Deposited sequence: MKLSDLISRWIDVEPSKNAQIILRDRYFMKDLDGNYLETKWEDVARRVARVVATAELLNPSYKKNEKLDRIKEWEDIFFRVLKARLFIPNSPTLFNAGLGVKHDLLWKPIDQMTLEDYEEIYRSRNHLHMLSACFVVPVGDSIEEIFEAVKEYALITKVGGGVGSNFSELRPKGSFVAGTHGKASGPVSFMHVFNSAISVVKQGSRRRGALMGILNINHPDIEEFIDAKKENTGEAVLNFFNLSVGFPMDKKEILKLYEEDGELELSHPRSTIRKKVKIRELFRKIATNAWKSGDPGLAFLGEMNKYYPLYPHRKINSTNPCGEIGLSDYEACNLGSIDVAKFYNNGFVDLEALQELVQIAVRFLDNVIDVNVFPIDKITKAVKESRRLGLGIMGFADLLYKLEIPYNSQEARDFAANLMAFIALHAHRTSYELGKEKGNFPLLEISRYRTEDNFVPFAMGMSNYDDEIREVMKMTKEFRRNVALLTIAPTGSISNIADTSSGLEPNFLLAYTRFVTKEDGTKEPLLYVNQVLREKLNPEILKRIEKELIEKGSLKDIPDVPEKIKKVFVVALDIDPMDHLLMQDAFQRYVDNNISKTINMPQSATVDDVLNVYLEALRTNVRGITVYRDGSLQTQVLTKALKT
């Protein structure tokens, strides 16, 4: 079906009461005195679409004389997709689009818009007009650099961004400090200062700080780092693996030793890699931190490596970013593309093309707090297009999430999306200009460069042809992710990212969500029976009656075993150029060795990082 007719299906479906509370609470724009300027999701869609359409003012392919018609056409299509909740950008785009701009321009009817109105919108965006969720900044090994970075953390946090750093440049605890003849405090002690700073800075009532701290497996303070969260309450922590995954897997299998060293310390030490891994797995088993960051695997597929390098991810791991790089995200609700036993690929291809342009346009109307970041974004134009609604889509297609069928479907769907996103990046490079760094990237300097592993779809040959075409034109260094969608999936009334539903019926903090696909499928009588027990047991697994069929389709996170979580992550990652947010859920009864086995399988798969969470742990 044509997208415009899909839009018609969804556009007047009202957000749920629960989603409306969330919107009122933090997304509807208020004036300085606290009065609402927006009361409905329609108003947000209008505002955001108009602001992001103003980027077309910069399009060199439009004659000054045609610009108004073209801008209005993009506003209209952005508005309709957004109102329908077929695609939603990351929260900061929703919170901050239009800041600075006269209230009489942000919601005015589109048929009244003049070229001067759009110019005024573009000009009046203020210093807070920050629309991107993901940031990385370096923390160099000096007091100047550490405290400049603390300042950057605070500035990013204030405007609503999530920021990560690799702390491995900081010399280990005890190291000589030539300047004072002293002993260095080490990275962990400094991370405490970053945490203290972020305890007092937030985006008001809308968004607290969210941080990632990485320390590399071979740093002399790695053991202290691994136990650091056992304070650092604003940080997620992951262990960094800058080397090849294969090299580290081989070391483990051969029971080898890892040399812990640092370039500006005499502190050296040897540790058995198996012991280090067990220490990680033990802490993860207890508390869920730290995760693993396969930085080597990110750089393997980074088109600008090795003249730029990925040293860190943002807070939830989904984008690997070079120093001072930021990235804006957005997600398609693929559950809205179910049509009579199939995914409507006709309409999906159309939305992927719109979505890529929208995310690319956000770069042009985004304002960052630090010039180095503005520069890094402009040079690379990395985007993060992903999906949400995946688990609910599988429910509609009657596919169990824990099955090879599901995984082959996921690979093929992600492959389709990736083909069309990259084809769109080609078209935009031809239309608007290539990203500045194309010439020095592997898209240009190499043949047969592909930014992901592939191997699980018949789209692969077509994907290879497109990548060859982008030697010539390419708007964006990379285009895809799967994010947590912790808030936007709630706004869209759909499942989160690629995750299975955690529960089919449950209350969040008033009350209560109950899976609509299940409500629409399960016998409405055999439903009011079981319901009490389902909220009690948290699954259908051993409720009797309840058809087995409904049971096998309507699985939740803890019905699905750790390896089936992991292999789902791999199926998607083979067709994602950035990374993926995935929690490997594990039963309360899992052991430390069960965790280690997830790590070893992860090292063989194509995953770029790992997060585990053992039920009942925290």
query: Unmodelled ranges, which are counted on the deposited sequence from position 1 and given in order; finding: 231-236, 516-524, 634-644
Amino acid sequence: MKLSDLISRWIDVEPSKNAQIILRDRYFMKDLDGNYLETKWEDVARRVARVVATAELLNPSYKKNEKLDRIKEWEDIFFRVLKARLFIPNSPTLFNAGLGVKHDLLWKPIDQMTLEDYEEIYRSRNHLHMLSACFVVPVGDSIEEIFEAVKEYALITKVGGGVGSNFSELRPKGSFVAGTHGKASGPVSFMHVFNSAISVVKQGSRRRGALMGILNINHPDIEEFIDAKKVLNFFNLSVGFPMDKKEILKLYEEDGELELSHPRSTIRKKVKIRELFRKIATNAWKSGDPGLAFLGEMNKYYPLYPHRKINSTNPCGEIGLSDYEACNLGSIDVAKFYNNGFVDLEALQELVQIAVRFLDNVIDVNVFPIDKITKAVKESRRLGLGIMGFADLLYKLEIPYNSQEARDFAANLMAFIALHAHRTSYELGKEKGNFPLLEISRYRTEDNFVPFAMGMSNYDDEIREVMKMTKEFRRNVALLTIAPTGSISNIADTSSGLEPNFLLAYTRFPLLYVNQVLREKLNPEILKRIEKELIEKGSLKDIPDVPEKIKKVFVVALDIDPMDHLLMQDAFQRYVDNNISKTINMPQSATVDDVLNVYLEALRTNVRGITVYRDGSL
From here on, numbers count along this sequence of modelled residues.
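Rigid core (definition): largest C-alpha set, two forms, superposition within 1.5 Å.
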{"query": "Positional deviation of Cα atoms in 8 other deposited structures of this protein after core superposition, greater for 85-93 or 513-521", "finding": "513-521"}
{"query": "Larger mean CA deviation from the shown form in 8 other deposited structures of this protein [core fit; 172-180 vs 464-472]", "finding": "172-180"}
{"query": "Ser205 dropped from a third or more of the other entries of this protein", "finding": "yes"}
{"query": "Of 354-362 and 282-290, the stretch whose C-alpha atoms average the higher B-factor in the entry", "finding": "282-290"}
{"query": "Stretch with the higher entry mean CA B-factor, where the candidates are 482-490 and 267-275", "finding": "267-275"}
{"query": "Deposited CA B-factor, highest of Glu405, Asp76, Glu257, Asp141", "finding": "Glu257"}
{"query": "Out of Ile373, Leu527, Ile214, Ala391, residue topping the C-alpha B-factor column of the entry", "finding": "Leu527"}
{"query": "Relative C-alpha B-factor of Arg608, binned into the chain's lowest, middle or highest third", "finding": "lowest"}
{"query": "Modelled-residue ranking by C-alpha temperature factor, third containing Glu346", "finding": "middle"}
{"query": "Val576 by Cα B-factor - lowest, middle or highest third of the modelled chain", "finding": "lowest"}
{"query": "Among modelled residues of the same chain, the CA temperature factor third for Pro242", "finding": "middle"}
{"query": "Relative C-alpha B-factor of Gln569, binned into the chain's lowest, middle or highest third", "finding": "lowest"}
